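Take a look at the letters that make up each chain.
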Amino acid sequence: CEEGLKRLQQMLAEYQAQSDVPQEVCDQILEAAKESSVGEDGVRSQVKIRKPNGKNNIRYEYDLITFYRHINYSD
Amino acid sequence: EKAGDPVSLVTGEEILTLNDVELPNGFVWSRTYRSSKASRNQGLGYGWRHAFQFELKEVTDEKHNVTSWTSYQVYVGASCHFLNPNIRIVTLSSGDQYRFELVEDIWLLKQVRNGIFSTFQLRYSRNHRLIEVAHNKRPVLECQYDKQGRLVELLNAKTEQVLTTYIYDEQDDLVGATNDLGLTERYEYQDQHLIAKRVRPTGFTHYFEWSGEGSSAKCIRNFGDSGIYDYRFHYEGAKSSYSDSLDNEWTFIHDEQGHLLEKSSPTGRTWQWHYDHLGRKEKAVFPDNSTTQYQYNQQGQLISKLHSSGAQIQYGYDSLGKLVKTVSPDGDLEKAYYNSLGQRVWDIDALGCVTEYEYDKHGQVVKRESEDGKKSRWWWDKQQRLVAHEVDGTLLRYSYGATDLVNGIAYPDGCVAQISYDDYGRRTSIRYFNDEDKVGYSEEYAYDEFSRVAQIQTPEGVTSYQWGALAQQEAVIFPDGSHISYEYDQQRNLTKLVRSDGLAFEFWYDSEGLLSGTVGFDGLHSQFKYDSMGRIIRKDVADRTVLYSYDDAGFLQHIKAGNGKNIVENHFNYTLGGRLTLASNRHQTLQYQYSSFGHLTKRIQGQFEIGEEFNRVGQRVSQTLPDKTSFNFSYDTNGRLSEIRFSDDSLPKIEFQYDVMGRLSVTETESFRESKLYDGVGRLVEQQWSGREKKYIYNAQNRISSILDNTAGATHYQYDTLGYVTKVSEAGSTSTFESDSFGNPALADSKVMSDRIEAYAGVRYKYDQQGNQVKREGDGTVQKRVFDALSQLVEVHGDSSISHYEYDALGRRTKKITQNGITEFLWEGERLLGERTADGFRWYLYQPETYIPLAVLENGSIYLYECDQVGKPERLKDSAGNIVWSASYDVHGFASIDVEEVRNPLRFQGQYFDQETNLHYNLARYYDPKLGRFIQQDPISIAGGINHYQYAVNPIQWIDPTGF
Amino acid sequence: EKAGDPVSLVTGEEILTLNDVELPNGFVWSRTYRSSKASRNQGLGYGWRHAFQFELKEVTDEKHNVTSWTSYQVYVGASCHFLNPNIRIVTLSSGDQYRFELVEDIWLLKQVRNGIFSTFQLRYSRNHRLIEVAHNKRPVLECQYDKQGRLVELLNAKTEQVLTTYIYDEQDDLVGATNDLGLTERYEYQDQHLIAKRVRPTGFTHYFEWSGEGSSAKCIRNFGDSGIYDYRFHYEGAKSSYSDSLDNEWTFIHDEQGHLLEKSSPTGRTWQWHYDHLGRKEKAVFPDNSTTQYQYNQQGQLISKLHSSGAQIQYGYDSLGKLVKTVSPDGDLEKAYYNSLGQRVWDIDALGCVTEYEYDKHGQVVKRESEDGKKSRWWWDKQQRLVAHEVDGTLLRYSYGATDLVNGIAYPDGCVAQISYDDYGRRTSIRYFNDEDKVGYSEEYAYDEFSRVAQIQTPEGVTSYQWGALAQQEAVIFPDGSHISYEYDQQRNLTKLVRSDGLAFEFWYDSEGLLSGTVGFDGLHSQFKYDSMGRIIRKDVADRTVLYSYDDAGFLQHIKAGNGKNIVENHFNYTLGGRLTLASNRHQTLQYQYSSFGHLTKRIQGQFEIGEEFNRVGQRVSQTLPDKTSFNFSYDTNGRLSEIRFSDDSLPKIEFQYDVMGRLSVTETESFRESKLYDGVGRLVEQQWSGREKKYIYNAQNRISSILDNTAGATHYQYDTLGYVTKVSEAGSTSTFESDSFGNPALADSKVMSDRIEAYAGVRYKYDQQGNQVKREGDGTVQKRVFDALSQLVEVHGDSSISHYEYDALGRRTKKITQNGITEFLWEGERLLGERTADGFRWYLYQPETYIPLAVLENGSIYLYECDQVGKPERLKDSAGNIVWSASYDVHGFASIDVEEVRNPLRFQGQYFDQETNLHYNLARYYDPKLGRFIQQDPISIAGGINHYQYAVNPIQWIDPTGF
């Protein structure tokens, strides 16, 4: 379900976006789009911009489980 | 379990957990219902706890309590060992890193450790009633009673204020909560002490019903207020079934122990779990023809998780600790080490990186060093509050206003922040400052009578939100004046997207709750048929299909798209865990060869070969390009690119420097020095080229208002309330534009049918049923373009010319058969590495992290660019100092070259100007420079933007790389 | 294949290869025969080659004749391609990491890359004859013909000397070699250009007979001079059979291509090989139930090598280079990293270590660094010769004499080494100088008319050898005067070991060439049975039997050592890669628990635990002990132990200090100071204990002549010509001895039957049939011992004392049951770590990597030892600085303790002093200090010495720990 309170942190992330679509719906349109989103896997790019990315501003922002490093596989 | 309500599906017991105080420190006070065996009274009512009750009936005979109620166990993993017969120390030490210390003859609960940094301390009275609840060492909660054994007041033990008000009545039951946020909810119980109606603070009401008698009934018919969640439950002993308000009947099959053995979906999906009568899974069957086999060892620990037709993970523990080894299916090892008091120690990363941690006398992290920089240091005061934090040398300082909330952040450059809270949390305002007396980028938030936001006051405008008493984002009002509503059907699913212009977007969901079918604004339609696992296999567009096909491993390996003709015939060779290393097509075949660690040292594209070498820490150095060319990279502290040297003796090395904030400031190789100056907010305002100057003056709406170029240039721009271009004057040529606040021209020269223009300044376009234009009649000129099934142009003719564009299996442009000659391109994953125009291999070098071009190497010579704050090359000079190439752009970007000595096809951001078509190609689309918008719709229907043809709001401070 | 030496088993082809000159740089000049197709002539006679001609036909068609006799061919793996059309560059690039760069218009080849640091440069004349050969950059070989097309002389282009002078005649065939050493071998051919008799330079001729006709003739009856190497060959269709002069016929069955399929033995062993119709093995069937299955991938590469009832290796190849990944059968994984041109880079080891390599501009290894020490460095000159080499800090200096031989070595201590040679190689003399005018330890060599060492000179004596023109060493003359002869039977196998006394040692061999039964000096017998696989399954001694067993893995599983009674009942259980950790028997059990990273963490010896931890680099630190005691180790540069701390706060840390040559020099913790100094040769001459002084004066024969101890001690020693102790001069207690120069006393009161004494100092000994003494009759004290089936003491009595010694699976003593009480031992590998005598645990700390005792912890206190150069303790002091324990060993180790507060059972080297029997025990045997030799024989029959009871030549400069 989605009957949960939406704090300011959950709204500031969707307000600064251009999709204007909730997450549970946005995660389905981008899922059924692998005809062009497929790229070179196994290597990390140096452009800090992925294929499902797009319009982005030029103003730099530096706004501020958390101390250790996440292992690849964890149950 | 957890279908619409936290009520369990194995039995009829009603379970629900509600939070009371959510402090930023990490203190959680949750209360559960536990309808079963709720005849007991623990001080809050019939069946009401606070997750702080952990009593023991005897001394140490497997007895413990909780809101969700040696001698090592095998089923639960608990091991409570005795320490002292005088004073009992049980030390439960549950399997999920829990800890509880019960005290005998006093009945106290000490040392509630839920991890490494999470502790809990209690303080009772002469009776069996606790009054103080501290987190680590500070009193954060103090409870009071009403001379009857019931908690009625709970403060923070720091300042006198009411936080939780438990209101009771004459039936020994609580009816009010009154949490810190101020949301009070009512309740209603039956004669048998069972809830039957729950009123939400917003106004929603959940009506509960029961089928059996006593304290072992079956909670069925749990419907909402306006028939929202019409849940229906049906039990048949060990089996259960639940149906939603949209006829979605799931069936679970349990056993005499209470495990999961079968879960049948209404569509037909089935799951099968197998055990070994030991309390651990052994076999996990999937709806498709695949099965996972687990393999345990002594004390379980799940030593193997082997998947069919694949590999294993091969977990590992030393004797009792946590994950210290993980053998990924690729074949890379990543070890770890832990001591006897937590405090994680050195751990090796995938390729070669190691991370060393260092703590103080307390249990807080102090230093975290990595290979070649990447060192973070924390500073803690006498309390448990963070003072300073350094990630790459910034040393951001924090400030507290004598409370547990942050009241300011100090930056090394001089920028000072200031937060403004209220009596509650939910920070209200945030403002930025600087060393000088000024202000910039001041935000403002506002809340309604509930705990939700109502309006956001941005320097751009003021956005408003309107909810429907359910927190579902019913309506959103833009600062201009338009509004967008949201319609939701049963189960709270978005259906309509009515805008303020008449058009509307529609969505359709199947029995599994997946989006299958979208109605566009112009009248398009889709199907989105999924398989029995959850992946799309047939897109079924109005005029084209894709026909996806996997390889029973979750990876795509074939894309046979076609609309009757022009078959694509794509193919992939994805291995177990990615690393396809093969992409074959009818035009170009790409191959890759990885190392033993996972380094990419081969980028063979067709007949050409590219290579790169790696260091011991994963850094890439000495990139060898084809045609006997090799570079050299040299890094510095904190892991950044510092020096780029070449192999030829007649090529000087390029050097860069960074500022304190961690951004490129100055760069020079032998005689060309570029310098950038920032104000503090993160925007370029001044740029020097050691001979040229550029300055930018912003307006009051955080937008570029005036640009001053020292080469006799002072251009001005004035936008509208939404930021669209309205007036622009380079020197004295004032232009006028107007839009309909949605990315469509509103002048008296165009005619938009539904969402696309049909004429612009005499030129008339013609769109097809797909959505892309194929004919464009200007001034006696006709251009007919034909497209494939992947929405890509292959041949544009009409102007006495024939061109053939041959792409690859990914979607990038590879071959251009034109009338002039043959041009070949070689990419670098996303960027354009080099090109060949049957005259010489000319390579390009961009910035280390962005798409802004820096230099071009050709004919054994280097030519350096002069890019503005946007990133578009406008000037190109040589090593001597004389200007070689120059151009200009007025409002959108047009070829205005005044001196042409070398072919310069570079454009705004990764684009390529066409000479026979006069369009731009960023990564996969075609943009019109003299129109402002594109010529086709992006693959993302609505999750990419509000308009399918709009490039950006204003082509001044907005970029759009990678095509879409 | 290749049963006989000049015989091929694929067909009747006669292949004979010979190396004429072997340069020390790596140059080799080989020549083959290739009797098949011997109707051609390449200038070196009919059917001969110089391994330096590789002609080719056309651009790249056929030919490419090798020394023996794209364009990618899989069956062989060749990449012969075309690089440029101007000059032909074929670049064969064969599969055996070879490469041959042929050139057109000159008819020659160069760039013969056989490895990484191996090349060959050719220079031909105007005709089809080569004149100069250079190794890397400088010429090394020069040809000289007789103006007729035949190689007559080969010079080194440096000094005018003859190296290989061929001799021809009127039949166009060489009749001589005249190699560098100076040996001449004759050759004779028949009328069809086929060799019929090969004459060796010693005189042993090999006759050859041919039974075929034409060019495909066969070769049978290839016998020797006096019927020593007779070989009968038979070819029936595709089957071949070969028999030696001992009735041992082996059979081979091949296919039509030439690959091996079936190989049988005349005893029952038979192997099987299967292919895949492409020249690659798929299944290998052994003479047992174990089979190996190979699994290839694209381009072969031999990915998997799965063995039956076991694990696989899983070889991983990234490109056409060498191996870059190895997976151990136990689970250990390791990787590598290669560049695009070789020059391997950092690679991780099995467990946790890395090795970083670094090369110079020429491509030679200049640095090889390991983690935390172990770094080797090389320093070369302008040429390709080594100048400096460092391993741990030695930094040796090599000196040359403008030749390819080193004639000087400089050490960082003062002493230098000087080598002396002659016209040829075979170094003549080696001398060791020093900083002062002296000469010590000078060796001299001498050779006979042939290239064999005739005598070896030593400051102790000269040892002569006699040869029988076959290089067999059938007579060895000792410096004393005795001689040992050898008797070689057919096929040159040693049979008898008769010495100059009369007692011999006979050997026996079965029909497979394995040793089966060795007759001892006294007349013992054995069988040495083997199975069909090759391992030993039954010892079959004349009295006892072991009957080893396996578990289908190649490791020992169960032992049945017992002569009918007293079953030992040993049993082990190995894993797929060793690590048994189950050393269990009927008396004791030992198990080892490892970590997750392949590191030992716990050693449970029946009921005790020790525990040990490791670091990230791999060193052992923080070794815990039972009874609440823990040690802490701390290393320094170059990976050496330098600090030892104790858990108790009242115990000071022990510190060590090494010298430049990496030897323990200074040892001190708080007030004790052991100081040792060397003279440069590697022998102790002086020792200080911060209050004491010991000096040793050697003689001219490199033996300890006089010993001066400052505590009123002055002793002298005089030995015989061999080294046996003859006279010991004390302050007036002078003793004299005498031996027969073989290890047995030869006094007037001794009696030896074959090799065991029967009377000494009025004591009689009575031995059993095995060989160890069982009865001892002294001066009124009769003693009787009992031995087990493994030649180990189990109980001794007769002197009114009965005790029991309990052993373990390895063979170490751990439990002593005597009249005093119960004594328990705790070992660490093969060294005694702790003892328990029911009055407190006593632990012993030795030197870092030797057996010399240093300290003892007991009764919560520490006591230090004072050991001499031998390693025997003589003084034990406390922390206060007073004399606590003192002793004195006169000639053999008999204690004369006059003051003893704490019992010190330590002895020469890892021996325990028994209070009941007065015998020492190192690890397996029992040494008698009153006699001077052991009381039983060692398991090694003849590979450990001539005398089975001798301990050492003289117990002043010789040690023998761990028993045998």
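cryo-EM is the method the PDB entry states for this structure, with the resolution given as 3.36 Å.

## What to know about the overall build of chain A
Helix and strand counts for chain A stand at two helices and one strand. Order of helices (α) and strands (β) in chain A, N terminus to C terminus: α-α-β. In terms of C-alpha radius of gyration, chain A reaches 16 Å, well past the compact-globule figure of 11 Å for 75 residues. In chain A, which comprises 75 residues, the proportion classed as buried is 32%. Total accessible area on chain A stands at roughly 5000 Å², and carbon and sulfur atoms take up 51% of it.

## What to know about the overall build of chain B
For chain B, the helix and strand inventory stands at zero helices and 81 strands. Considered along the principal axes of its C-alpha atoms, chain B spans approximately 95 × 60 × 60 Å. Within chain B, the proportion of its 964 residues that are buried is 46%. Within the structure as shown, chain B displays about 46300 Å² of accessible surface, and the carbon and sulfur contribution to it stands at 49%. Charged side chains of chain B number 104 positive and 135 negative; the gap between the two group centres comes to 2 Å.

## Description of the interface of chain B and chain A
The partner chain A presents 57 residues to the 106 residues of chain B that form the contact. Broken down residue by residue, the surface that chain B buries against chain A is led by B:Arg344, B:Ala943 and B:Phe964, which jointly contribute 7%. Linking chain B to chain A there are seven salt bridges. Across the pair B:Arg812 and A:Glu40 runs a salt bridge, and its minimum N-O distance is 3.7 Å.

## Digging into helix 1 (residues 8–15) of chain A
All names here are of chain A. Turning to helix 1, its buried residues number three or more, namely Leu 8, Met 11 and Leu 12. Along the long axis of helix 1, the arc covered by the buried residues comes to 100°, so they all point the same way. Exposed positions of helix 1 whose direction lies more than 90 degrees from the buried face are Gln 9 and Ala 13.

## Points about the relation of the copies chain C and chain B
Least-squares fitting of chain C to chain B yields an RMSD of 0.7 Å, with the transformation described by 1.9 Å of translation along the axis and a rotation of 174°. Such a combination of turn and shift is consistent with a two-fold rotation axis. Closest approach to the rotation axis within chain C is made by the C-alpha atom of C:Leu333, at a distance of 3.8 Å.

## Notes on the sheet that holds strand 64 (residues 763–767) of chain C
Residue and element names in this part refer to chain C. A sheet is described by the order of its strands in space; here five strands give the open sequence 63-64-65-66-67, paired in antiparallel fashion. Two strands bound the open sheet, and with one partner strand each, they are strand 63 (759–760) and strand 67 (793–797). Across three bridges, the pairing between strand 65 (residues 773–777) and strand 66 (residues 782–787) is antiparallel. Bridged to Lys 775 within strand 66 is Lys 784.

## Re the environment of B:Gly860
Residue and element names in this part refer to chain B. Following the sequence through the fold, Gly 860 ends up in the loop between strand 75 (853–858) and strand 76 (861–867). Here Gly 860 falls in the exposed class, since its relative accessible area comes to 57%. Spatially, the C-alpha atom of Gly 860 lies 10.0 Å from that of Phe 841, the residues being 19 residues apart in sequence.

## Things to note about the pairing of strand 43 (residues 515–519) of chain B
Residue and element names in this part refer to chain B. Counting buried positions along strand 43 yields five of five residues, so the element is predominantly enclosed. Two strands pair when backbone bridges link them, and strand 42 (residues 506–509) and strand 43 are joined in this way by three bridges, in the antiparallel orientation. Each residue of the ladder has a partner; that of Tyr 509, found in strand 43, is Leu 515. Linking strand 42 to strand 43, which pair antiparallel, is a turn of five residues; within it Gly 513 sits at a positive phi near 75°.

## Structural notes on unusual backbone geometry
You will see that B:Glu62, though not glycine, has its phi angle at about 50°, which is positive. In this structure B:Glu62 comes out as partly exposed when scored by relative accessible area, which is 45%.

## Some words on the packing of aromatic side chains
Under the criterion given, the structure shown has 68 aromatic pairs over all chains. On the basis of an interplanar angle of 10° and a centroid distance of 6.5 Å, the ring pair of B:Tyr33 and B:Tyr189 is categorised as stacked. The exposure class assigned to B:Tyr33 is buried, which follows from its relative accessible area of 1%. Residue B:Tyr189 is classed as buried on the basis of its relative accessible area, which comes to 16%. Judged by centre distance (6.5 Å) and plane angle (5°), the ring pair of C:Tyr717 and C:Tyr719 falls under stacked. Each member of the pair, C:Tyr717 as well as C:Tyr719, is classed as buried.

## Describing the interface of chain C and chain B
Taken together, the contacts link 17 residues of chain C with 22 residues of chain B. Connecting chain C to chain B are one salt bridge. Split into classes, the residues belonging to the side of chain C that touches chain B amount to seven nonpolar, five polar and five charged.

## Some remarks on the pattern of salt bridges
Residue and element names in this part refer to chain B. Following the criterion strictly, the structure yields 79 salt bridges over all chains and no others. For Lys 197, the salt bridge goes to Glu 188, with nearest N and O atoms at 3.6 Å. According to the relative accessible area criterion, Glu 188 is partly exposed, its value standing at 39%. Between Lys 653 and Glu 655 there is a salt bridge, and its shortest N-O distance comes to 3.9 Å. The partly exposed category is assigned to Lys 653, whose relative accessible area is 33%. Judged by its relative accessible area of 28%, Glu 655 falls in the partly exposed class.

Definitions and cut-offs
Residues numbered from 1 in each chain as written, not as in the entry; some residues may be left out. Chains lettered and ligands numbered in written order. Part of a larger assembly, values for the part shown. Heavy atoms only, no water. Helix = DSSP H or I, 4+ residues; strand = E, 2+ residues; numbered from the N terminus. Rg over C-alpha atoms; globule rule 2.2 N^0.38 Å. Buried < 20%, exposed > 50% of the residue type's maximum accessible area, 1.4 Å probe, protein only. Areas by Shrake-Rupley, 256 points an atom, 1.4 Å probe, with all protein chains shown as cover. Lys, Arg positive; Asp, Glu negative; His and termini not counted. Charge placed at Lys NZ, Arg CZ, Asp CG, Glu CD. Contact = heavy atoms within 4.5 Å. Buried area = accessible area lost by both parts, 1.4 Å probe. Salt bridge = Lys/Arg side-chain N within 4 Å of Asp/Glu carboxyl O. Arc of directions from axis to C-beta. Least-squares fit on C-alpha atoms. Pairing = 2+ DSSP bridges. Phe/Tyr/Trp six-rings, centres within 6.5 Å; stacked < 30°, edge-to-face > 60°. Nonpolar A, V, L, I, M, F, W, Y, C, P; charged D, E, K, R; others polar.

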